[PDB]
Amino acid sequence: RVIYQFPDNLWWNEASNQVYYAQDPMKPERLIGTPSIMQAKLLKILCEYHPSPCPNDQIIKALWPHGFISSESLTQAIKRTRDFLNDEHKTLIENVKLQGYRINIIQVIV
DNA sequence: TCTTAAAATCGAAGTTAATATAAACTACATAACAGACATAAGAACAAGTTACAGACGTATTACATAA
């Protein structure tokens, strides 16, 4: 069981894959829900590289290894992924130009 | 009305390029010239302040796909 903490008391439980709000990681309070398989993919690419930024080419290759996909698809994926993780202030995942995207992780429980 | 000394005038252009002799010593004040210093003016570097450009990222809409 691997669980990741995000700012504003957010948690994501990967093994069962639930995003939620909870003061206690073992006791959820408000369940945001289940991210999609490609959404979990997106958080995977942002998560395996912390604290280093994940380059745009690497995430694009990983998400769609066999698809002719434009970078606009990656960017709208980030946007409509914020649509689900409710990061209105762009603080959960930071976009730094010509260097890629990052996700702010407070702690990891394994 | 008659001598007698002065006064004035005497062609244009053109060219032309000059000369050439004949007190010393001392005392003082002033001007000039040189060097060095201070000052004002400019050159160089670096920083700060500010808006705009350039491409990226985002947001929005419409087409396609899935139920």
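A note on names: the letters A, B, ... follow the listed sequences, proteins ahead of strands, and every chain is numbered from 1. Hydrogens, waters and symmetry mates play no part in the numbers below; they use all other heavy atoms, side chains included.
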ask   = Do other residues, nucleotides or ligands put more than 12 heavy atoms under 6.0 Å from A:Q107 CD?
value = yes
message = Is it true that, when you exclude A:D57 itself, more than 12 heavy atoms of the residues, nucleotides or ligands shown sit nearer than 6.0 Å to its CG?
response = yes
request  = Test A:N86 against every option in A:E88, A:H89, A:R82 by the side-chain contact (heavy atoms from CB on, under 4.5 Å) rule and name the one that passes.
outcome  = A:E88
message = Does any part of the side chain of A:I93, heavy atoms only, come nearer than 4.5 Å to the side chain of A:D87, both counted from C-beta?
response = yes
key: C1'-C2'-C3'-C4' based pucker assignment for B:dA13   = north
query = For B:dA34, does the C1'-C2'-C3'-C4' torsion put the sugar north or south?
reply = south
inquiry  = Once you apply a heavy-atom cut-off of 4.0 Å, does A:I78 come out as touching a base, just sugar-phosphate, or nothing?
reply    = nothing
key: Base stack present between B:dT16 and B:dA17, cut-offs 5.5 angstrom and 30 degrees   = no
remark   = Note: B:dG54 sugar, classed by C1'-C2'-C3'-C4' (positive north, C3'-endo side; negative south, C2'-endo side), is south
ask   = Would B:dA31 be called syn or anti, given that syn covers angles within 90° of 0?
value = anti
B:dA20 sugar pucker (north/south) via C1'-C2'-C3'-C4' = north
query = If we call a positive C1'-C2'-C3'-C4' torsion north and a negative one south, what is the sugar of B:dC52?
reply = south
inquiry  = On DNA chain B, compare the nucleotides closest to A:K79 and A:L98; which residue's is nearer the 5' end?
reply    = A:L98
ask   = Can B:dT19 be described as syn, meaning its chi torsion is within 90° of 0, or is it anti?
value = anti
query = With a 4.0 Å cut-off on heavy atoms, is A:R82 in touch with a base, just the backbone sugar-phosphate, or nothing at all?
reply = sugar-phosphate
task = Indicate, with a heavy-atom threshold strictly under 4.0 Å, whether A:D83 touches base, sugar-phosphate, or nothing.
result = nothing
ask   = Got a donor-acceptor contact below 3.5 angstrom from the A:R1 side chain to the A:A15 backbone?
value = no
query = Do the side chains of A:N17 and A:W12 get nearer than 4.5 Å, heavy atoms only?
reply = yes
request  = Identify the 5'-most and 3'-most nucleotides of DNA chain B with at least one atom closer than 4.0 Å to a non-hydrogen atom of chain A.
outcome  = B:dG54 to B:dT61
request  = Could you say whether A:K97 or A:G100 is positioned toward the 5' end of DNA chain B, judged by the nucleotide with the nearest heavy atom to each?
outcome  = A:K97
OH (A:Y20) with more than 12 external heavy atoms under 6.0 Å = yes
